[PDB]
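Below is the file run.cif, which contains mmCIF, N, CA and C atoms.
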```cif
data_coords
loop_
_atom_site.group_PDB
_atom_site.id
_atom_site.type_symbol
_atom_site.label_atom_id
_atom_site.label_comp_id
_atom_site.auth_asym_id
_atom_site.auth_seq_id
_atom_site.Cartn_x
_atom_site.Cartn_y
_atom_site.Cartn_z
ATOM 1 N N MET L 1 -2.395 -11.726 27.823
ATOM 2 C CA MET L 1 -2.412 -10.750 26.702
ATOM 3 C C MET L 1 -1.726 -9.451 27.105
ATOM 4 N N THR L 2 -1.684 -9.192 28.408
ATOM 5 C CA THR L 2 -1.058 -7.984 28.930
ATOM 6 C C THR L 2 0.366 -8.265 29.400
ATOM 7 N N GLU L 3 0.570 -9.440 29.986
ATOM 8 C CA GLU L 3 1.887 -9.833 30.477
ATOM 9 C C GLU L 3 2.744 -10.382 29.341
ATOM 10 N N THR L 4 2.127 -10.562 28.178
ATOM 11 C CA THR L 4 2.827 -11.083 27.010
ATOM 12 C C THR L 4 3.081 -9.975 25.990
ATOM 13 N N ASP L 5 2.587 -8.779 26.292
ATOM 14 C CA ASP L 5 2.755 -7.634 25.404
ATOM 15 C C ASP L 5 3.665 -6.592 26.045
ATOM 16 N N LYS L 6 4.051 -6.849 27.291
ATOM 17 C CA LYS L 6 4.922 -5.943 28.030
ATOM 18 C C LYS L 6 6.294 -5.847 27.372
ATOM 19 N N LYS L 7 6.670 -6.894 26.646
ATOM 20 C CA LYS L 7 7.959 -6.933 25.965
ATOM 21 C C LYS L 7 7.802 -6.602 24.484
ATOM 22 N N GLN L 8 8.930 -6.458 23.792
ATOM 23 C CA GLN L 8 8.918 -6.143 22.367
ATOM 24 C C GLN L 8 8.844 -7.417 21.530
ATOM 25 N N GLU L 9 8.846 -7.255 20.210
ATOM 26 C CA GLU L 9 8.779 -8.392 19.299
ATOM 27 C C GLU L 9 10.004 -8.423 18.388
ATOM 28 N N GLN L 10 10.507 -7.237 18.047
ATOM 29 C CA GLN L 10 11.679 -7.112 17.183
ATOM 30 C C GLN L 10 11.400 -7.673 15.793
ATOM 31 N N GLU L 11 11.187 -6.776 14.836
ATOM 32 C CA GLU L 11 10.909 -7.173 13.459
ATOM 33 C C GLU L 11 12.166 -7.073 12.603
ATOM 34 N N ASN L 12 13.009 -6.089 12.910
ATOM 35 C CA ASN L 12 14.248 -5.884 12.170
ATOM 36 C C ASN L 12 15.264 -5.113 13.009
ATOM 37 N N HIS L 13 16.476 -5.650 13.103
ATOM 38 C CA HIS L 13 17.539 -5.013 13.871
ATOM 39 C C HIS L 13 18.146 -3.851 13.090
ATOM 40 N N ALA L 14 18.409 -2.748 13.788
ATOM 41 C CA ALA L 14 18.986 -1.559 13.167
ATOM 42 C C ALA L 14 18.076 -1.009 12.073
ATOM 43 N N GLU L 15 17.366 0.070 12.387
ATOM 44 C CA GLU L 15 16.454 0.692 11.431
ATOM 45 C C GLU L 15 17.223 1.350 10.289
ATOM 46 N N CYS L 16 16.524 1.620 9.190
ATOM 47 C CA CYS L 16 17.137 2.250 8.026
ATOM 48 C C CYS L 16 16.155 3.190 7.332
ATOM 49 N N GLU L 17 14.937 3.258 7.859
ATOM 50 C CA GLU L 17 13.904 4.120 7.293
ATOM 51 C C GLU L 17 13.710 5.369 8.150
ATOM 52 N N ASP L 18 13.882 6.536 7.536
ATOM 53 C CA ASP L 18 13.727 7.804 8.243
ATOM 54 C C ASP L 18 12.507 8.567 7.739
ATOM 55 N N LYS L 19 12.054 8.220 6.539
ATOM 56 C CA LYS L 19 10.897 8.874 5.939
ATOM 57 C C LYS L 19 9.635 8.626 6.766
ATOM 58 N N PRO L 20 8.716 9.610 6.816
ATOM 59 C CA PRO L 20 7.467 9.483 7.575
ATOM 60 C C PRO L 20 6.502 8.489 6.935
ATOM 61 N N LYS L 21 5.525 8.033 7.713
ATOM 62 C CA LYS L 21 4.537 7.079 7.220
ATOM 63 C C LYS L 21 3.118 7.541 7.558
ATOM 64 N N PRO L 22 2.404 8.143 6.585
ATOM 65 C CA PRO L 22 1.034 8.625 6.800
ATOM 66 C C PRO L 22 0.039 7.483 6.987
ATOM 67 N N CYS L 23 0.514 6.254 6.791
ATOM 68 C CA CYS L 23 -0.322 5.062 6.936
ATOM 69 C C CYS L 23 -1.427 5.024 5.881
ATOM 70 N N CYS L 24 -1.789 3.815 5.460
ATOM 71 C CA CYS L 24 -2.831 3.623 4.455
ATOM 72 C C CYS L 24 -2.448 4.282 3.129
ATOM 73 N N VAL L 25 -2.981 5.486 2.885
ATOM 74 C CA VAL L 25 -2.705 6.239 1.656
ATOM 75 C C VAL L 25 -2.653 5.325 0.427
ATOM 76 N N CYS L 26 -1.947 5.764 -0.614
ATOM 77 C CA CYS L 26 -1.822 4.982 -1.840
ATOM 78 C C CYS L 26 -0.653 5.479 -2.684
ATOM 79 N N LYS L 27 0.268 6.198 -2.046
ATOM 80 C CA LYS L 27 1.434 6.737 -2.740
ATOM 81 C C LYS L 27 2.212 5.635 -3.468
ATOM 82 N N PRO L 28 2.548 4.518 -2.782
ATOM 83 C CA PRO L 28 3.285 3.413 -3.395
ATOM 84 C C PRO L 28 2.396 2.563 -4.296
ATOM 85 N N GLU L 29 1.115 2.486 -3.947
ATOM 86 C CA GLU L 29 0.153 1.709 -4.711
ATOM 87 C C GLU L 29 -0.015 2.268 -6.120
ATOM 88 N N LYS L 30 0.069 3.588 -6.246
ATOM 89 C CA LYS L 30 -0.077 4.243 -7.541
ATOM 90 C C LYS L 30 1.092 3.906 -8.462
ATOM 91 N N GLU L 31 2.298 3.915 -7.905
ATOM 92 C CA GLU L 31 3.498 3.609 -8.677
ATOM 93 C C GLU L 31 3.493 2.155 -9.137
ATOM 94 N N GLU L 32 3.166 1.250 -8.220
ATOM 95 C CA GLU L 32 3.126 -0.176 -8.529
ATOM 96 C C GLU L 32 2.059 -0.482 -9.577
ATOM 97 N N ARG L 33 0.901 0.159 -9.446
ATOM 98 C CA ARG L 33 -0.197 -0.050 -10.383
ATOM 99 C C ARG L 33 0.214 0.357 -11.794
ATOM 100 N N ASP L 34 0.699 1.587 -11.931
ATOM 101 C CA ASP L 34 1.132 2.099 -13.227
ATOM 102 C C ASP L 34 2.193 1.189 -13.836
ATOM 103 N N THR L 35 3.090 0.692 -12.990
ATOM 104 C CA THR L 35 4.155 -0.196 -13.438
ATOM 105 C C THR L 35 3.577 -1.447 -14.093
ATOM 106 N N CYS L 36 2.690 -2.129 -13.375
ATOM 107 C CA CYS L 36 2.063 -3.343 -13.886
ATOM 108 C C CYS L 36 1.391 -3.079 -15.229
ATOM 109 N N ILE L 37 0.696 -1.948 -15.327
ATOM 110 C CA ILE L 37 0.015 -1.573 -16.561
ATOM 111 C C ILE L 37 1.011 -1.460 -17.711
ATOM 112 N N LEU L 38 2.183 -0.909 -17.414
ATOM 113 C CA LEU L 38 3.227 -0.746 -18.417
ATOM 114 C C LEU L 38 3.739 -2.108 -18.882
ATOM 115 N N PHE L 39 3.829 -3.052 -17.949
ATOM 116 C CA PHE L 39 4.306 -4.397 -18.261
ATOM 117 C C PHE L 39 3.296 -5.166 -19.111
ATOM 118 N N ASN L 40 2.194 -5.587 -18.492
ATOM 119 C CA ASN L 40 1.164 -6.345 -19.200
ATOM 120 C C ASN L 40 -0.221 -6.108 -18.606
ATOM 121 N N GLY L 41 -0.368 -5.020 -17.860
ATOM 122 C CA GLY L 41 -1.649 -4.711 -17.249
ATOM 123 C C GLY L 41 -2.707 -4.348 -18.272
ATOM 124 N N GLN L 42 -3.114 -3.080 -18.272
ATOM 125 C CA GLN L 42 -4.125 -2.585 -19.205
ATOM 126 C C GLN L 42 -5.479 -3.258 -18.978
ATOM 127 N N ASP L 43 -5.643 -4.471 -19.504
ATOM 128 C CA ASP L 43 -6.899 -5.201 -19.354
ATOM 129 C C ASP L 43 -6.664 -6.634 -18.882
ATOM 130 N N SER L 44 -5.414 -7.086 -18.943
ATOM 131 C CA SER L 44 -5.073 -8.441 -18.520
ATOM 132 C C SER L 44 -5.539 -8.699 -17.090
ATOM 133 N N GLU L 45 -5.736 -9.971 -16.758
ATOM 134 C CA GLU L 45 -6.188 -10.353 -15.426
ATOM 135 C C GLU L 45 -5.013 -10.475 -14.460
ATOM 136 N N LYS L 46 -3.912 -9.805 -14.785
ATOM 137 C CA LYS L 46 -2.721 -9.839 -13.944
ATOM 138 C C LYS L 46 -2.431 -8.463 -13.351
ATOM 139 N N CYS L 47 -3.408 -7.566 -13.439
ATOM 140 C CA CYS L 47 -3.256 -6.216 -12.910
ATOM 141 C C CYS L 47 -4.447 -5.835 -12.037
ATOM 142 N N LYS L 48 -5.459 -6.698 -12.018
ATOM 143 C CA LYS L 48 -6.657 -6.453 -11.224
ATOM 144 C C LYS L 48 -6.323 -6.378 -9.737
ATOM 145 N N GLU L 49 -5.198 -6.975 -9.356
ATOM 146 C CA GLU L 49 -4.768 -6.974 -7.963
ATOM 147 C C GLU L 49 -4.359 -5.572 -7.518
ATOM 148 N N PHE L 50 -3.592 -4.888 -8.363
ATOM 149 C CA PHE L 50 -3.129 -3.537 -8.057
ATOM 150 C C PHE L 50 -4.281 -2.539 -8.096
ATOM 151 N N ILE L 51 -5.189 -2.721 -9.051
ATOM 152 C CA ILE L 51 -6.334 -1.831 -9.197
ATOM 153 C C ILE L 51 -7.263 -1.923 -7.990
ATOM 154 N N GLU L 52 -7.719 -3.135 -7.687
ATOM 155 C CA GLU L 52 -8.613 -3.357 -6.555
ATOM 156 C C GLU L 52 -7.971 -2.889 -5.254
ATOM 157 N N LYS L 53 -6.709 -3.259 -5.053
ATOM 158 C CA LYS L 53 -5.983 -2.875 -3.849
ATOM 159 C C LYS L 53 -5.878 -1.357 -3.735
ATOM 160 N N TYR L 54 -5.732 -0.694 -4.878
ATOM 161 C CA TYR L 54 -5.620 0.760 -4.916
ATOM 162 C C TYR L 54 -6.930 1.419 -4.490
ATOM 163 N N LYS L 55 -8.040 0.884 -4.990
ATOM 164 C CA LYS L 55 -9.360 1.416 -4.672
ATOM 165 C C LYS L 55 -9.649 1.326 -3.177
ATOM 166 N N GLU L 56 -9.462 0.137 -2.609
ATOM 167 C CA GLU L 56 -9.708 -0.073 -1.186
ATOM 168 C C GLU L 56 -8.779 0.791 -0.339
ATOM 169 N N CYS L 57 -7.534 0.932 -0.786
ATOM 170 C CA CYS L 57 -6.552 1.739 -0.070
ATOM 171 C C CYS L 57 -7.047 3.170 0.107
ATOM 172 N N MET L 58 -7.380 3.822 -1.004
ATOM 173 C CA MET L 58 -7.868 5.195 -0.960
ATOM 174 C C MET L 58 -9.172 5.287 -0.174
ATOM 175 N N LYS L 59 -9.987 4.240 -0.261
ATOM 176 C CA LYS L 59 -11.263 4.205 0.443
ATOM 177 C C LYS L 59 -11.054 4.320 1.950
ATOM 178 N N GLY L 60 -10.065 3.597 2.464
ATOM 179 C CA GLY L 60 -9.776 3.641 3.885
ATOM 180 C C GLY L 60 -9.120 4.945 4.289
ATOM 181 N N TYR L 61 -8.461 5.588 3.331
ATOM 182 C CA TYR L 61 -7.788 6.858 3.576
ATOM 183 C C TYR L 61 -8.796 7.947 3.928
ATOM 184 N N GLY L 62 -9.782 8.138 3.057
ATOM 185 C CA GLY L 62 -10.796 9.148 3.297
ATOM 186 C C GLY L 62 -11.425 9.657 2.015
ATOM 187 N N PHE L 63 -10.888 9.222 0.879
ATOM 188 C CA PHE L 63 -11.404 9.639 -0.419
ATOM 189 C C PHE L 63 -11.307 8.505 -1.432
ATOM 190 N N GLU L 64 -12.413 8.240 -2.119
ATOM 191 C CA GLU L 64 -12.456 7.177 -3.117
ATOM 192 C C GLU L 64 -12.090 7.711 -4.498
ATOM 193 N N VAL L 65 -10.837 7.490 -4.897
ATOM 194 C CA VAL L 65 -10.339 7.942 -6.191
ATOM 195 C C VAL L 65 -10.377 9.470 -6.310
ATOM 196 N N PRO L 66 -9.250 10.098 -6.706
ATOM 197 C CA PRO L 66 -9.170 11.557 -6.853
ATOM 198 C C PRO L 66 -10.113 12.082 -7.931
ATOM 199 N N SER L 67 -10.952 13.045 -7.559
ATOM 200 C CA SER L 67 -11.906 13.636 -8.492
ATOM 201 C C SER L 67 -11.194 14.490 -9.537
ATOM 202 N N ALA L 68 -11.653 14.398 -10.782
ATOM 203 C CA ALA L 68 -11.063 15.162 -11.875
ATOM 204 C C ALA L 68 -12.016 16.247 -12.368
ATOM 205 N N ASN L 69 -13.210 15.832 -12.785
ATOM 206 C CA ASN L 69 -14.221 16.760 -13.285
ATOM 207 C C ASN L 69 -13.701 17.538 -14.490
#
```

Let me see the file written as structure tokens.
Amino acid sequence: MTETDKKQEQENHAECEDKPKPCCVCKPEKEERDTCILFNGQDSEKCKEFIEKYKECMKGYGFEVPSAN
């Protein structure tokens, strides 16, 4: 496990992403969710994936859904 991790794995040759990655968050999840809703989401059982995934995402971040009040 140590002598097999000493080397790299190589996922993609020549990088192309310069933007930072805060990890977890839900920045992209929000866009994808809204998109699905625009298509056929709303109440259909084809958008529950984005909704549930969004909830868990923010949960791991540090806050469960942005408070409005």

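Residue nearest residue L:34 within the list L:59, L:48, L:19, L:7: L:48 [criterion: smallest interatomic distance, only C-alpha atoms].
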
Next on the checklist: According to DSSP computed on the backbone, where in chain L is there helix (DSSP H, G or I)? Give the residues as a list in words.
Outcome noted: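 Of chain L, only residues 27, 28, 29, 30, 31, 32, 33, 34, 35, 36, 37, 38, 39, 48, 49, 50, 51, 52, 53, 54, 55, 56, 57, 58, 59, 60 and 61 of chain L fall in helix (DSSP H, G or I).
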
Item to check | Best match for closeness to residue L:29 among L:42, L:17, L:6, L:49, counting only C-alpha atoms | outcome: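 Looking only at the distances to residue L:29, the closest residue turns out to be L:49.
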
Next on the checklist: Report, in Å with one decimal, the straight-line distance from atom CA of residue L:40 to atom CA of residue L:65.
Outcome noted: 22.5 Å

Item to check | Point-to-point distance from atom N of residue L:33 to atom CA of residue L:50, Å rounded to tenths | outcome: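 For atom N of residue L:33 relative to atom CA of residue L:50, the distance reads 5.6 Å.
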
Checklist entry - How far is it from atom C of residue L:60 to atom N of residue L:20, in Å with one decimal? => result 18.6 Å

Checklist entry - On this structure, which residues satisfy the PyMOL selection byres (((chain L and resi 30 and name CA) around 12) and name CA), written as a list in words? => result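 Listing what the PyMOL selection byres (((chain L and resi 30 and name CA) around 12) and name CA) selects in the shown file: residues 25, 26, 27, 28, 29, 31, 32, 33, 34, 35, 36, 37, 50, 51, 52, 53, 54, 55, 57, 58, 65 and 66 of chain L.
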
Item to check | Of the listed residues L:46, L:1, L:24, L:38, that which approaches residue L:61 most closely, counting only N, CA and C atoms | outcome: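 Smallest separation from residue L:61 among the options: L:24.
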
Next on the checklist: Here is a test: counting only C-alpha atoms, which residue of L:15, L:23, L:3, L:9 is nearest to residue L:62?
Outcome noted: L:23
